[PDB]
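Pasted below: structure_36.csv, CSV, C-alpha atoms and all ligand atoms.
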chain,number,residue,atom,x,y,z
O,1,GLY,CA,102.2,83.5,88.5
O,2,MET,CA,102.6,87.2,89.1
O,3,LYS,CA,105.8,88.6,87.5
O,4,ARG,CA,106.7,91.1,90.2
O,5,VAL,CA,106.9,93.6,87.4
O,6,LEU,CA,105.1,96.9,87.5
O,7,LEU,CA,104.2,98.9,84.3
O,8,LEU,CA,103.7,102.5,85.3
O,9,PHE,CA,102.1,104.8,82.7
O,10,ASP,CA,101.5,108.5,82.1
O,11,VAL,CA,97.9,109.2,81.1
O,12,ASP,CA,97.3,111.8,78.4
O,13,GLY,CA,99.4,110.9,75.3
O,14,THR,CA,100.7,107.7,76.8
O,15,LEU,CA,97.4,105.8,77.6
O,16,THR,CA,95.2,108.0,75.5
O,17,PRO,CA,95.1,109.9,72.2
O,18,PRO,CA,96.0,113.6,72.8
O,19,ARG,CA,93.3,115.1,75.1
O,20,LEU,CA,90.9,112.2,74.5
O,21,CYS,CA,89.5,109.1,76.4
O,22,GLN,CA,91.5,105.9,76.4
O,23,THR,CA,90.5,103.7,73.4
O,24,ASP,CA,89.2,100.1,73.4
O,25,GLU,CA,92.5,98.7,72.3
O,26,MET,CA,94.2,100.5,75.2
O,27,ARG,CA,91.8,98.9,77.7
O,28,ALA,CA,92.4,95.5,76.1
O,29,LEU,CA,96.2,95.7,76.2
O,30,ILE,CA,96.0,96.7,79.9
O,31,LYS,CA,93.8,93.7,80.7
O,32,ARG,CA,96.1,91.4,78.7
O,33,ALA,CA,99.2,92.7,80.7
O,34,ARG,CA,97.3,92.1,83.9
O,35,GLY,CA,96.2,88.7,82.6
O,36,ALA,CA,99.9,87.9,82.0
O,37,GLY,CA,100.9,88.6,85.6
O,38,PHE,CA,102.0,92.3,85.4
O,39,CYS,CA,100.9,95.0,87.7
O,40,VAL,CA,99.8,98.2,86.0
O,41,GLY,CA,99.7,101.7,87.4
O,42,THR,CA,99.0,105.3,86.4
O,43,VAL,CA,100.9,108.4,87.3
O,44,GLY,CA,99.9,111.9,86.4
O,45,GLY,CA,100.4,115.4,87.4
O,46,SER,CA,96.6,115.9,87.1
O,47,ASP,CA,94.0,115.1,89.8
O,48,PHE,CA,92.1,111.9,90.3
O,49,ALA,CA,89.0,113.4,88.6
O,50,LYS,CA,91.0,113.9,85.4
O,51,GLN,CA,92.0,110.2,85.4
O,52,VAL,CA,88.4,109.2,85.8
O,53,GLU,CA,87.5,111.5,82.9
O,54,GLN,CA,90.1,110.1,80.5
O,55,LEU,CA,90.1,106.4,81.7
O,56,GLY,CA,86.7,105.8,83.3
O,57,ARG,CA,84.8,105.8,86.5
O,58,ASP,CA,86.2,102.3,87.3
O,59,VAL,CA,89.8,103.4,87.0
O,60,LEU,CA,90.6,101.8,90.5
O,61,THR,CA,89.4,98.5,89.1
O,62,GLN,CA,91.4,98.8,85.9
O,63,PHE,CA,94.7,99.5,87.5
O,64,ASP,CA,96.7,98.0,90.4
O,65,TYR,CA,98.1,101.5,91.3
O,66,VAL,CA,96.6,104.9,90.6
O,67,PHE,CA,98.9,107.8,91.4
O,68,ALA,CA,97.2,111.2,91.1
O,69,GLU,CA,99.0,114.5,91.7
O,70,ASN,CA,102.4,112.7,91.2
O,71,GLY,CA,101.5,110.0,93.9
O,72,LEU,CA,100.6,112.8,96.4
O,73,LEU,CA,97.3,110.9,96.4
O,74,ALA,CA,98.0,107.2,96.0
O,75,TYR,CA,95.8,104.1,95.5
O,76,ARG,CA,96.7,100.4,95.6
O,77,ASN,CA,94.0,98.1,94.3
O,78,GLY,CA,91.1,100.3,95.4
O,79,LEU,CA,92.6,101.3,98.7
O,80,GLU,CA,93.8,104.8,99.4
O,81,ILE,CA,97.3,104.3,100.7
O,82,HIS,CA,98.6,107.9,100.9
O,83,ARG,CA,97.3,111.4,100.9
O,84,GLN,CA,99.8,114.2,101.3
O,85,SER,CA,99.1,117.8,102.3
O,86,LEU,CA,100.9,120.9,101.0
O,87,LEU,CA,100.5,122.5,104.4
O,88,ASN,CA,102.9,119.8,105.6
O,89,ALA,CA,105.7,121.1,103.4
O,90,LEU,CA,104.9,124.9,103.0
O,91,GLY,CA,102.6,125.9,105.7
O,92,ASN,CA,99.7,128.4,105.8
O,93,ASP,CA,101.6,131.8,105.7
O,94,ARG,CA,103.6,130.8,102.6
O,95,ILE,CA,100.6,129.3,100.8
O,96,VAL,CA,98.6,132.4,101.3
O,97,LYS,CA,101.6,134.6,100.1
O,98,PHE,CA,101.9,132.4,97.0
O,99,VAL,CA,98.2,132.3,96.0
O,100,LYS,CA,97.9,136.1,96.5
O,101,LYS,CA,100.8,136.8,94.1
O,102,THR,CA,99.5,134.3,91.6
O,103,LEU,CA,96.0,135.9,91.6
O,104,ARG,CA,97.5,139.4,90.9
O,105,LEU,CA,99.7,138.1,88.0
O,106,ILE,CA,96.7,136.3,86.4
O,107,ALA,CA,94.5,139.4,86.8
O,108,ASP,CA,97.1,141.4,84.9
O,109,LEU,CA,97.1,139.1,81.9
O,110,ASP,CA,95.9,140.2,78.5
O,111,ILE,CA,94.7,137.0,76.9
O,112,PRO,CA,91.7,136.4,74.8
O,113,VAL,CA,89.7,134.2,77.3
O,114,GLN,CA,89.5,133.9,81.1
O,115,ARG,CA,86.9,131.9,83.0
O,116,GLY,CA,87.3,130.4,86.4
O,117,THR,CA,89.5,128.1,88.7
O,118,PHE,CA,92.8,129.9,88.1
O,119,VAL,CA,94.4,128.7,91.3
O,120,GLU,CA,93.5,125.1,92.3
O,121,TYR,CA,94.6,123.9,95.7
O,122,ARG,CA,94.9,120.1,95.5
O,123,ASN,CA,96.3,117.6,98.0
O,124,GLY,CA,100.0,118.2,97.8
O,125,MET,CA,100.2,120.8,95.0
O,126,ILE,CA,98.7,123.9,93.5
O,127,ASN,CA,97.7,124.0,89.9
O,128,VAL,CA,97.8,127.4,88.1
O,129,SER,CA,95.8,128.2,84.9
O,130,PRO,CA,96.0,131.6,83.1
O,131,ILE,CA,92.7,130.9,81.3
O,132,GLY,CA,91.1,128.9,84.2
O,133,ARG,CA,90.2,125.2,84.4
O,134,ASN,CA,86.5,126.0,84.0
O,135,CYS,CA,86.9,126.9,80.3
O,136,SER,CA,85.4,124.6,77.5
O,137,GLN,CA,87.4,122.0,75.5
O,138,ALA,CA,87.5,124.3,72.5
O,139,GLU,CA,88.8,127.2,74.7
O,140,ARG,CA,91.5,124.8,76.0
O,141,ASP,CA,92.6,124.0,72.5
O,142,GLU,CA,92.7,127.7,71.7
O,143,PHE,CA,94.6,128.6,74.8
O,144,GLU,CA,97.2,125.9,74.1
O,145,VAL,CA,97.8,127.4,70.6
O,146,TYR,CA,98.0,130.9,72.1
O,147,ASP,CA,100.3,129.8,74.8
O,148,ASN,CA,102.6,128.1,72.2
O,149,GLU,CA,102.9,131.5,70.5
O,150,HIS,CA,103.0,133.9,73.5
O,151,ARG,CA,104.4,131.6,76.3
O,152,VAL,CA,102.0,132.9,78.8
O,153,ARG,CA,102.6,130.0,81.3
O,154,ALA,CA,106.4,130.4,81.1
O,155,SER,CA,106.1,134.2,81.8
O,156,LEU,CA,103.9,133.5,84.7
O,157,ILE,CA,106.3,130.8,86.1
O,158,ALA,CA,109.2,133.2,85.5
O,159,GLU,CA,107.5,136.0,87.5
O,160,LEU,CA,106.6,133.5,90.3
O,161,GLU,CA,110.2,132.2,90.5
O,162,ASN,CA,111.4,135.8,90.9
O,163,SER,CA,108.9,136.5,93.6
O,164,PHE,CA,109.6,133.3,95.6
O,165,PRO,CA,113.1,131.9,94.9
O,166,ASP,CA,113.4,130.9,98.6
O,167,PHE,CA,110.2,128.8,98.5
O,168,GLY,CA,112.1,126.1,96.6
O,169,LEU,CA,109.1,125.2,94.5
O,170,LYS,CA,109.2,123.4,91.2
O,171,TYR,CA,107.0,124.6,88.4
O,172,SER,CA,105.9,122.0,85.9
O,173,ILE,CA,104.0,122.8,82.8
O,174,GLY,CA,101.6,120.0,81.8
O,175,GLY,CA,98.5,119.5,79.6
O,176,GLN,CA,96.9,122.4,77.7
O,177,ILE,CA,96.2,125.2,80.1
O,178,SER,CA,98.1,125.0,83.4
O,179,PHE,CA,101.2,124.2,85.4
O,180,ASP,CA,101.6,122.3,88.7
O,181,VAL,CA,103.6,123.8,91.6
O,182,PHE,CA,105.0,121.7,94.4
O,183,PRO,CA,108.0,121.3,96.7
O,184,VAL,CA,111.3,119.9,95.1
O,185,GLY,CA,110.9,116.1,95.4
O,186,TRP,CA,107.2,116.0,95.0
O,187,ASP,CA,107.6,115.4,91.2
O,188,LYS,CA,106.5,112.0,89.7
O,189,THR,CA,109.3,110.2,91.4
O,190,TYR,CA,107.3,110.7,94.6
O,191,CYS,CA,105.1,107.7,93.7
O,192,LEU,CA,108.1,105.3,93.7
O,193,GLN,CA,108.4,105.2,97.5
O,194,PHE,CA,105.0,103.2,97.4
O,195,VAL,CA,106.1,100.5,95.0
O,196,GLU,CA,110.0,100.2,95.1
O,197,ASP,CA,110.0,97.4,97.7
O,198,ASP,CA,107.3,95.4,95.9
O,199,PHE,CA,108.6,94.9,92.3
O,200,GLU,CA,111.8,93.5,90.8
O,201,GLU,CA,111.3,95.8,87.9
O,202,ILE,CA,109.3,99.0,87.4
O,203,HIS,CA,108.9,100.1,83.8
O,204,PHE,CA,107.9,103.8,83.3
O,205,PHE,CA,106.3,105.0,80.0
O,206,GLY,CA,105.9,108.7,79.3
O,207,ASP,CA,106.5,111.4,76.7
O,208,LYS,CA,108.1,114.4,78.4
O,209,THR,CA,111.3,112.7,79.4
O,210,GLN,CA,113.9,115.4,79.0
O,211,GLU,CA,115.2,118.4,81.1
O,212,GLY,CA,112.2,120.5,82.1
O,213,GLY,CA,109.6,117.8,81.1
O,214,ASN,CA,107.2,116.6,83.7
O,215,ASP,CA,108.4,112.9,83.1
O,216,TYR,CA,112.2,113.7,83.4
O,217,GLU,CA,112.7,112.8,87.1
O,218,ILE,CA,110.7,109.6,86.9
O,219,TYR,CA,112.2,108.5,83.6
O,220,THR,CA,115.8,109.0,84.9
O,221,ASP,CA,115.2,107.6,88.4
O,222,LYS,CA,117.5,104.6,88.9
O,223,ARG,CA,114.5,102.7,90.2
O,224,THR,CA,112.7,102.7,86.8
O,225,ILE,CA,113.4,101.2,83.3
O,226,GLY,CA,112.4,104.2,81.2
O,227,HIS,CA,110.4,103.9,77.8
O,228,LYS,CA,110.0,107.2,76.0
O,229,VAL,CA,106.8,107.0,74.0
O,230,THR,CA,105.3,109.5,71.5
O,231,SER,CA,101.7,108.1,71.5
O,232,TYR,CA,99.5,105.5,73.1
O,233,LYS,CA,100.2,103.3,70.0
O,234,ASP,CA,103.9,103.4,70.8
O,235,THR,CA,102.9,102.3,74.4
O,236,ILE,CA,100.9,99.4,73.2
O,237,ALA,CA,103.7,98.1,70.9
O,238,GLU,CA,106.3,98.3,73.6
O,239,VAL,CA,104.0,96.6,76.1
O,240,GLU,CA,103.4,93.9,73.6
O,241,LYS,CA,107.1,93.2,73.6
O,242,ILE,CA,107.3,93.1,77.4
O,243,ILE,CA,104.3,90.6,77.4
O,244,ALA,CA,106.0,88.5,74.7
O,245,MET,CA,109.2,88.2,76.9
O,246,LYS,CA,107.0,87.4,79.9
P,301,MG,MG,114.8,105.3,85.2
Please express the file's structure as structure tokens.
Amino acid sequence: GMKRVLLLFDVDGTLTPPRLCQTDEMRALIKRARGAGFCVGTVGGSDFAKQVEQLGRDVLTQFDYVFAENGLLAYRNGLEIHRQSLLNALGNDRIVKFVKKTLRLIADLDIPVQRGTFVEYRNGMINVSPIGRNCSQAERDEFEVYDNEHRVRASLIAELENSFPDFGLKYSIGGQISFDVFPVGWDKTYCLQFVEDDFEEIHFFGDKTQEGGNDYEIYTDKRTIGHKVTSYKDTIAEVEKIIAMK
């Protein structure tokens, strides 16, 4: 029967090659785990659209749980089970204050490329991109390199932290071009409230598992058995072992 065991995965770098679609062997492994009685889930700091892009249009069919924006938008077997609102935690006046400041800081930057969708208001979070989410893949690659050198995202977060220390927001770098901003506690552990009562074990797999990494809280949550991975191949090999010990 069903194992009452959830396998919860990061997307980019955990289920996929870096900034690429999931491969055929990843899809096969997932189906084998599901075939063996495990539930499988995604969790990412990115939006649902991004998971569709890297995993497929039928992502809700492939996974038991899909947690976008850290579980601030949550799906269970095709059903939307939760959708949080940043207005609920922060409220209009503070949001407007925050996005205004962010826009000025971005406008002041001197980076080689800027495009569009610098401040993205999601469900329960705001995502902030110095270059803008509307840049091309090649532009993303180049901003990532640039940011490695010049730490543009870190400077920006530093300035935002100075402007708004009382806002109590967390700033979480992730992927090539942006960082997420959300209330303390709306990190990836947010999704666990939706599964904790339904599994005897929850295994988490991710790569950014240390202090300041966007997988730190969820890795170190007492509710999860953490598996630090460095690639989707690492993920596969560890899931093979979990399947073997059924
Ligand atoms: Mg844990």
Counting all atoms listed in the file, the residue of O:98, O:216, O:205, O:190 that sits nearest residue 73 (chain O):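 Among O:98, O:216, O:205, O:190, it is O:190 that comes nearest to residue 73 (chain O).
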Among the residues O:38, O:204, O:232, O:186, the one that comes closest to ligand MG 301 (chain P) [using only C-alpha atoms and all ligand atoms]: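 Among the listed residues, the smallest separation from ligand MG 301 (chain P) belongs to O:204.
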Using only C-alpha atoms: which of O:39, O:181, O:244, O:30 has the shortest distance to residue 200 (chain O):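 Once distances to residue 200 (chain O) are computed over only C-alpha atoms, the minimum belongs to O:39.
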Contacts of ligand MG 301 (chain P), 9 Å or closer, only C-alpha atoms and all ligand atoms, given as a PyMOL selection string: chain O and resi 202-204+216-227
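Note that the spacing between CA of residue 176 (chain O) and CA of residue 100 (chain O) amounts to 23.3 Å.
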Which of O:210, O:189, O:129, O:77 sits closest to residue 43 (chain O) [using all atoms listed in the file]: O:189
Test item: which residues lie within 9 Å of (96.1, 128.1, 74.3) counting all atoms listed in the file, as an MDAnalysis selection string: chainID O and resid 131 139:149 152 176:177
For region 109-117 of chain O: contacts at 6 Å, all atoms listed in the file, fewer than 5 positions along chain excluded, given as a PyMOL selection string: chain O and resi 131-135
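Among the candidate residues O:175, O:101, O:26, O:191, the one lying nearest to residue 163 (chain O) is O:101, with distances computed using all atoms listed in the file.
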Interatomic distance, CA of residue 93 (chain O) to CA of residue 166 (chain O) (Å, one decimal):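 That distance, rounded to one decimal, is 13.8 Å.
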Residue contacts of residue 172 (chain O) (9 Å, all atoms listed in the file) excluding same-chain residues fewer than 6 positions away, as number ranges by chain: O: 45, 157, 178-182, 187, 212-214
For the selection just defined, write its residues with C-alpha atoms to a file, as a compact mmCIF listing (two decimals), keeping the file's coordinate frame.
# COMPACT_ATOMS: atom_id res chain seq x y z
CA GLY O 45 100.40 115.40 87.40
CA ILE O 157 106.30 130.80 86.10
CA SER O 178 98.10 125.00 83.40
CA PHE O 179 101.20 124.20 85.40
CA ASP O 180 101.60 122.30 88.70
CA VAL O 181 103.60 123.80 91.60
CA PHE O 182 105.00 121.70 94.40
CA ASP O 187 107.60 115.40 91.20
CA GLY O 212 112.20 120.50 82.10
CA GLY O 213 109.60 117.80 81.10
CA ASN O 214 107.20 116.60 83.70
Å distance separating CA of residue 211 (chain O) from CA of residue 118 (chain O), one decimal place: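 Value for the CA of residue 211 (chain O)-CA of residue 118 (chain O) distance: 26.1 Å.
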Neighbour list for residue 83 (chain O) as a list in words, cut-off 12 Å, only C-alpha atoms, skip fewer than 4 positions in-chain: residues 48, 67, 68, 69, 70, 71, 72, 73, 74, 75, 79, 88, 122, 123, 124, 125, 190, 191 and 194 of chain O
Non-local contacts of residue 96 (chain O) (12 Å; all atoms listed in the file; under 6 positions in same chain excluded) as a list in words: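 Final neighbour list, sorted by chain and number: residues 86, 87, 90, 102, 103, 119, 121 and 126 of chain O.
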Best match for closeness to residue 97 (chain O) among O:201, O:155, O:4, O:164, counting all atoms listed in the file: O:164
